[PDB]
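**Student:** Here is the sequence, then the experimental structure:
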Amino acid sequence: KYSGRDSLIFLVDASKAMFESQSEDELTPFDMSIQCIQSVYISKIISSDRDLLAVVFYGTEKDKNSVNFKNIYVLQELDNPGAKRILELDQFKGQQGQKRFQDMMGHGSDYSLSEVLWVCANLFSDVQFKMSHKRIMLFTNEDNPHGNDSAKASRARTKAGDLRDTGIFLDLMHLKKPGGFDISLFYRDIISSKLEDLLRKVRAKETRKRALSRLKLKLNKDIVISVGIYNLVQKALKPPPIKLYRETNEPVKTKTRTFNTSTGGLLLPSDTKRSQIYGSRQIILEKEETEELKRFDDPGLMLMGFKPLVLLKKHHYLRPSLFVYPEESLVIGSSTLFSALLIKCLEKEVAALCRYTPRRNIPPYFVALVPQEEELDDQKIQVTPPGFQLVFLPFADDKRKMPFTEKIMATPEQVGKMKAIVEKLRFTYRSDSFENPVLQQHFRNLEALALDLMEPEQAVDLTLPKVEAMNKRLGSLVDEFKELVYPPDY
Amino acid sequence: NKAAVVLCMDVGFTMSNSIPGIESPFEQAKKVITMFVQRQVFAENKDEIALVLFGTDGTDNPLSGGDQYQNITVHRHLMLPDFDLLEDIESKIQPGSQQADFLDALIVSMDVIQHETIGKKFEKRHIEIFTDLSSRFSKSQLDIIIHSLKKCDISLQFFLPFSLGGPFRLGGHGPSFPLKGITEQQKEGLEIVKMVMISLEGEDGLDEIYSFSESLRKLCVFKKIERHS
DNA sequence: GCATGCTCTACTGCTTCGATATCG
DNA sequence: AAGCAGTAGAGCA
DNA sequence: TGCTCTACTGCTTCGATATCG
DNA sequence: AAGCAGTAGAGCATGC
């Protein structure tokens, strides 16, 4: 569906060994799990802040759950990422946090098996929303928790199937006991290690997919089909403030009005005119006339002929392009016609040209529909989906004209050394990763404000170049490139 | 900075010619000139306009010597155009049927432009010429006036009517002339204005020949007005 | 022959989110 | 509601 | 009667505000 | 735009 949120239960193994440092001095796997869980909450509190996140430790001494099972202790409950819940969470670090774990719940017991999955199931059942994905993320190391009883093993693989059928899928981040890919054992049936994607990799993201407009494409007379204009590059910005009463920290319910005809008394909106002075005199209208003087067309796309893909110069530009698609919701039998027109436009390299009105009262606007075709391999790479593209087109007063009157050339020798410089600085561009420093430092400012930890975590500036790794990279040709013909010569 | 634009318009009898089914060239020139002065009034910019009409009945001219300089009247000097310079355009139903010449309004507008640059700084001198080109010419002195056009570095844009060689309405990316809107007089007019424009400024004079169809279609009235951005 | 009693289906308005135009 | 240089009126000489 | 400060200042870009689907 | 949730209205069955 559309508003089906993502779910995640964290399930941690605190039974026998990980609370101890595995007889090492580096990092206990318990601290590894708590750091990963805290980083996932910190990432999804601004990445996907409508989802569901629970956390459950099993194998501990004392117990609390709604089922009343022995030695299963839940910590939080299925809700949003909350700052107070992560400030509860971050108290289990180091030896002092290990002893806090001891005095709060105590580790070590005869840990049972699939009843922990039953508690996960009843934690998923009692939600009063809709959920798209159901993922159980098990943080453990060991291999045989049914090392003596075989009926416990059969019951474990029965209850795992009872979670398999109603749509609950689990993966276990297998804690490497020596630090390697060693245990190639027999839980490939229950499942459907690397933790860096849980550790850093999602500091700024948002989850959304909207249709933006659902219009009609007409071939200028009566022949009408449906189309829907999705969006791809939306220029995201930080969320805006909220006014607040600094005594008790409550918002203040702003209300405004217009009043005072120089005596006292309100003015309900029926007794205001809309005016424009032009020097001496005024021009008065009504609100309905000053909203009516922009009305040209019904909403949609009327087609006005076909032009090849070559003579439209794709540097004429004023707004980002959107992306059509042929729904079969308004009319029926539209994907057939659009696929036929698309393959003929492709094999004849031609593009449509249209007049476009988005909403129920908008002045008209000329657009160019340029086709595109998909691409797919065994790895399922996806750079293009199979539709069109609406290049917006300027009309006449978008283009300015530069003064233009200089023309002096030089000798064709610097092009070779500049070719050497650009080949020195030659690389594949990217696929991602030039993130916005202002938004990212604001994110971490808000993290340190709501968590009072230490300081602004200074975001690394990827937008900045690498001048140390560029100047010595190119070397001692910059002096000759500077002083072949052009020093400033004083 | 300050712009000083000047219009010179044929208001002659043939300009108010009969309608074979389309429109009068007078009403076409009226629609175009209302578009231009409408934008340059409603844009609140700091420019001044001066306008001269030829093809009237009387001659209230600052210079009317003999048979020449007939039916030419300076309507208004270089003014920030208010609604009076738009109602002088709109409330002027009369064409005034007595047509004399077509080259006179350029030299009268040049004389009053010289009289109008009295301690008022201006960077551009653009004069736009509407003429149906149906009357006879006047060839007393030509190289002196072409020399003044050259030495003063002023600009002269030329709107010729639709006659440039199905339902021609006004402008719809269709035909310029419907089937035949030319004759011998219009042929010699088009060749003499092509000769003067090419010989004065070059091939841009071939580009500065704008039809009444396409001048409403495109932005071709505004040129050398704005500045660097 | 006129008034009432009972159900189900399509119309319609609300709520939340995101994108767009406007005014400093 | 905030900055960035562009274009004419004042101060010491 | 001569060259730098100075009042303005047009613009330009976010930031808050309001509308619409 | 998207989902949903609540009520108005028309037609079958009943009564005086």
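**Tutor:** Received the coordinates, thanks. Residues are numbered from 1 along each chain as shown, chains lettered A, B, ... in the order given.
**Student:** alpha carbons only for contacts and neighbour counts from here, please
**Tutor:** OK.
**Student:** Excluding chain neighbours, what is closest to the closest residue to DNA strand E within chain B?
**Tutor:** Nearest to DNA strand E, among the residues of chain B, is residue B:229, at 6.2 Å (C-alpha to the nearest atom of the strand). Excluding the flanking residues, the one nearest residue B:229 by C-alpha to C-alpha, 6 or more residues apart in numbering or on different chains is residue A:400, at 7.1 Å.
**Student:** And the strands in chain B?
**Tutor:** For chain B, the strands defined by DSSP state E cover B:3-10, B:47-54, B:72-79, B:124-130, B:155-159, B:209-210.
**Student:** So which of these is the most surrounded?
**Tutor:** Comparing the strands of chain B by mean neighbour count (mean count of other C-alpha atoms under 10 Å in any protein chain shown), strand B:3-10 comes out on top with a mean of 23.
**Student:** next one: phi and psi at the residue nearest to residue B:229?
**Tutor:** Dihedral pair for residue A:400: phi -90, psi 170, per degrees, to the nearest 10.
**Student:** do you know how far it is from residue B:37?
**Tutor:** Using C-alpha to C-alpha, to the nearest Å, one gets 21 Å for the distance from residue A:400 to residue B:37.
**Student:** Which of the two has more residues huddled nearby?
**Tutor:** Neighbour totals were compared for residue A:400 and residue B:37, and residue B:37 leads with 18 against 11 (other C-alpha atoms under 10 Å in any protein chain shown).
**Student:** what sits against the more buried one?
**Tutor:** Contacts for residue B:37 were tallied using C-alpha atoms under 8 Å, 6 or more residues apart in numbering or on different chains; they are residue B:86.
**Student:** One more pass at 10 Å, please.
**Tutor:** With contact taken as C-alpha atoms under 10 Å, 6 or more residues apart in numbering or on different chains, residue B:37 is in contact with B:43, B:49, B:81-83, B:85-86, B:89.
**Student:** What's the ChimeraX line that selects buried ones from those residues?
**Tutor:** The ChimeraX command for the buried members of these (criterion: 16 or more other C-alpha atoms under 10 Å in any protein chain shown) is given here:
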select /B:49,81,85
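**Student:** Identify those among the contacts of residue B:37 that sit within helices.
**Tutor:** Of the contacts of residue B:37, the ones assigned to helices by DSSP state H are B:85-86, B:89.
**Student:** Now flag whichever of those residues is closest to residue A:317.
**Tutor:** residue B:86 (36.5 Å; C-alpha to C-alpha).
**Student:** Can you point out the buried residues in whichever strand or helix holds residue A:340?
**Tutor:** When elements are defined using DSSP states H and E, residue A:340 is found to belong to helix A:335-347. Buried residues in helix A:335-347, defined by neighbour count with 16+ other C-alpha under 10 Å: A:335, A:338, A:341-342, A:345-346.
**Student:** Give me the distance between stretch B:35-54 and the centre of its chain.
**Tutor:** 13 Å (C-alpha atoms, centre = their mean, to the nearest Å).
**Student:** is DNA strand E contacted by it?
**Tutor:** No: Stretch B:35-54 lies apart from DNA strand E when judged by C-alpha under 7 Å from any atom of the strand; the minimum separation is 9.7 Å.
**Student:** can you tell me the distance between the two ends of that stretch?
**Tutor:** Start-to-end span of stretch B:35-54 (C-alpha to C-alpha) is 20 Å.
**Student:** likewise stretch B:91-111?
**Tutor:** Terminal residues of stretch B:91-111 are spaced 27 Å apart (C-alpha to C-alpha).
**Student:** tell me how far that stretch is from the chain's mean position?
**Tutor:** Remark: stretch B:91-111 is offset 10 Å from the chain centroid, using C-alpha atoms, centre = their mean.
**Student:** now do stretch B:205-221
**Tutor:** Relative to its chain's centre, stretch B:205-221 lies at 12 Å (C-alpha atoms, centre = their mean).
**Student:** measure it end to end?
**Tutor:** 14 Å.
**Student:** one step back: show residues contacting the helix holding residue A:340.
**Tutor:** Where contact means C-alpha under 10 Å, 6+ apart, the residues beyond helix A:335-347 that reach it are A:225-227, A:306-309, A:325-328, A:334, A:348-352, A:370-373, A:386-388.
**Student:** Which SSE is immediately downstream of that helix?
**Tutor:** Under the assignment DSSP H and E, the closest C-terminal helix or strand after helix A:335-347 is strand A:350-357.
**Student:** and that following strand, what does it pack onto?
**Tutor:** Judged by 3 or more C-alpha pairs under 10 Å, 6 or more residues apart in numbering or on different chains; DSSP states H and E, strand A:350-357 is in contact with strand A:214-218, strand A:300-308, helix A:335-347, strand A:365-371, strand A:388-392.
**Student:** In its sheet, which strands sit next to the second one, and in what direction?
**Tutor:** According to DSSP bridges, strand A:300-308 has the following sheet partners: strand A:214-218 (parallel), strand A:350-357 (antiparallel).
**Student:** Can you tell me which of the ones you listed is packed in deepest?
**Tutor:** It is strand A:350-357: most buried of these by mean count of other C-alpha under 10 Å, with a mean of 21.
**Student:** now the angle between strand A:365-371 and it, please.
**Tutor:** Strand A:350-357 runs at 150 degrees relative to strand A:365-371, counting by axes from the mean of the first three to the mean of the last three C-alpha atoms, to 10 degrees.
**Student:** Let's have the buried residues of helix A:335-347 in CSV, adding distance to DNA strand E.
**Tutor:** Putting the buried residues of helix A:335-347 into CSV (distance: C-alpha to the nearest atom of the strand, whole Å) gives the following:
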residue, distance to DNA strand E
A:335, 22
A:338, 23
A:341, 27
A:342, 26
A:345, 29
A:346, 31
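**Student:** give me every residue that touches residue 15.
**Tutor:** No chain was given, so I picked chain A. By C-alpha under 10 Å, 6+ apart, the residues touching residue A:15 are A:57-61, A:71, A:106-112, A:140.
**Student:** meant chain B, my bad for not saying
**Tutor:** So residue B:15 contacts B:9, B:24-29, B:55, B:95, B:97, B:99, B:130-134, B:161 (C-alpha under 10 Å, 6+ apart).
**Student:** Just the ones in helices from these, please.
**Tutor:** Per DSSP H, the subset of the contacts of residue B:15 in helices is B:25-29.
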